[PDB]
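Throughout, residue positions are numbered sequentially from 1 according to the sequence presented.
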Amino acid sequence: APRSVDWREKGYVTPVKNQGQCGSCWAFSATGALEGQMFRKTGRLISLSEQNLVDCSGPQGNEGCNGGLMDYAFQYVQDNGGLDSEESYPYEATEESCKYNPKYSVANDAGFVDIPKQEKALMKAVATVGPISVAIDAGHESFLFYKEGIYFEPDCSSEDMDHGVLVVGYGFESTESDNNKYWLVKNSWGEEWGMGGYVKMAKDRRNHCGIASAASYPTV
Ligand SMILES: *C(=N)CNC(=O)[C@H](Cc1cccc(C)c1)NC(=O)c1cc(C(C)(C)C)nn1C
């Protein structure tokens, strides 16, 4: 792979969103990955509806504001034959009945790919595909209060992930030979969290916080 990647500078990534108090992180991770893949396909970045996923992807196994999986979201888009734009189907931060309208569909997918559970494979996928949906262990105060720098939490688990986010790149800080490496991660807690809503997360430390344990992307 390249030494560094940042898909934001290539037009693949919408601004940071805010999921509010709803457990819909999975929907934000999924829309982020599909926003990227649709851009790869068409050259047009269009913000997609998390609310559409929250309201409508129960049949695939999702549980709305009570949680879900990005792969189930990708399966919904495939089964449904579409996903509405954010503009047409705006975010309300609470579960409502499904009001999908095919007139306003701006995305589709033909399934998904689950990435092997290690960081070399994740790096390959980030470099060659685009932004990647991942889950992390975000269950520490250190994550809530994260400001800047490369996040490393001694108590992070590589197995207990609770939060879906989006890897939009990776790179290094300091002298290259110091191996001070990170994943560049878009969160859905607004721009006031973290570094404008982003976090740099420890890379190549044996799957810190489980970032490579549940990584996937939609096939477009
Ligand atoms: C975010 N606001 C709430 N978190 C979730 O919805 C997590 C995200 C997650 C965690 C681990 C792996 C992935 C790919 C995503 N969802 C879950 O923990 C979750 C939901 C479910 C079902 C829908 C099957 C009950 N299972 N898990 C593990």
Side-chain angles (χ1 to χ4, degrees), residues 4-9 12-33 35-36 47 50-51 53-54 63-70 73 86 91-94 117-119 122-123 126 131-176 178-216:
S4 309
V5 169
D6 185 347
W7 290 113
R8 299 175 299 174
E9 300 175 350
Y12 279 62
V13 188
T14 59
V16 172
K17 302 181 185 182
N18 196 331
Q19 70 185 81
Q21 288 307 305
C22 173
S24 53
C25 59
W26 59 272
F28 289 82
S29 176
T31 58
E35 282 162 358
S47 185
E50 296 78 22
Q51 194 71 48
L53 294 177
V54 167
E63 303 188 2
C65 294
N66 297 132
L69 299 175
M70 293 78 83
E86 188 81 86
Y91 187 67
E92 309 303 335
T94 195
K117 299 178 187 302
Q118 37 78 1
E119 289 179 277
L122 177 60
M123 182 173 60
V126 173
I132 303 299
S133 294
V134 302
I136 58 168
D137 176 10
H140 296 90
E141 176 172 275
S142 58
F143 190 80
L144 298 182
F145 304 163
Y146 170 82
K147 306 190 197 285
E148 306 292 340
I150 301 174
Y151 183 76
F152 188 88
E153 165 52 67
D155 187 54
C156 238
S157 172
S158 298
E159 314 308 326
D160 88 351
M161 304 85 63
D162 61 0
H163 187 53
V165 295
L166 189 72
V167 175
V168 301
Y170 60 86
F172 67 94
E173 298 189 337
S174 319
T175 310
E176 189 180 311
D178 289 341
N179 296 138
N180 191 36
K181 291 178 280 182
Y182 65 88
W183 298 106
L184 182 59
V185 175
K186 187 191 194 197
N187 201 358
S188 52
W189 291 352
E191 70 181 318
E192 307 84 357
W193 178 79
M195 183 184 315
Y198 282 79
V199 52
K200 292 180 276 197
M201 293 188 68
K203 172 163 179 290
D204 301 327
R205 297 295 305 281
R206 300 290 178 91
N207 192 20
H208 194 68
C209 297
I211 197 166
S213 293
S216 67

Think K186 forms a cation-pi with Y198, using NZ or CZ under 6.0 Å from the six-ring centre and within 45 degrees of its axis?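 Not satisfied by the 6.0 Å and 45° rule.
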Tell me, with the steps shown, if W183 and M123 meet side-chain contact (heavy atoms from CB on, under 4.5 Å). CA-CA 9 Å; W183 298 106; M123 182 173 60; 3.9 Å; yes
What pairs meet the salt bridge (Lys or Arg N to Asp or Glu O under 4.0 Å) rule with one or both residues in residues 134-153, with sequence neighbours excluded?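 Sorted pair list comes back empty.
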Pairs satisfying salt bridge (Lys or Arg N to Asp or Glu O under 4.0 Å), at least one member in residues 155-175, at least two apart: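 Counting only pairs at least two positions apart or across chains, the salt bridge (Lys or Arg N to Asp or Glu O under 4.0 Å) contacts touching residues 155-175 are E173-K200.
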Pair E50-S24, side-chain donor/acceptor within less than 3.5 Å: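 The criterion, which ignores hydrogens and geometry beyond distance, is not satisfied for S24 and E50.
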Do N207 and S213 get their side chains close enough for a donor-acceptor pair, meaning under 3.5 Å?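 Yes, because at least one side-chain N or O of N207 sits under 3.5 Å from a partner of the opposite role on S213.
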Hey, can you tell me if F143 and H163 have their rings parallel, tilted or perpendicular (30° and 60° cut-offs)?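 It falls in the perpendicular class, over 60°.
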Please check if the side chain of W26 supplies one atom and the backbone of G64 the other of a donor-acceptor pair under 3.5 Å.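 Yes: the side chain of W26 pairs with the backbone of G64.
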Quick check against the 3.5 Å criterion: does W189 have a side-chain atom that pairs as donor or acceptor with the backbone of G20?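 The answer is no, because no donor-acceptor pair under 3.5 Å joins these two groups.
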Residues in disulfide (SG to SG under 2.5 Å) contact with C25, at least two apart in sequence or another chain: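 If we apply the disulfide (SG to SG under 2.5 Å) test to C25, skipping adjacent residues, there are no hits.
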Chi angles and distances behind the side-chain contact (heavy atoms from CB on, under 4.5 Å) call for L122, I132: CA-CA 8 Å; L122 177 60; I132 303 299; 3.8 Å; yes
Only counting residues at least two apart or in another chain, list the ones meeting side chain to side chain contact (heavy atoms under 4.5 Å, CB included) with [X].
{"X": "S29", "answer": "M70, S133"}
{"X": "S4", "answer": "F172"}
{"X": "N66", "answer": "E63"}

For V168 and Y12, run side-chain contact (heavy atoms from CB on, under 4.5 Å): C-alpha distance rounded to whole Å, both residues' side-chain angles, the deciding distance at 0.1 Å, then the answer. CA-CA 9 Å; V168 301; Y12 279 62; over 6 Å; no
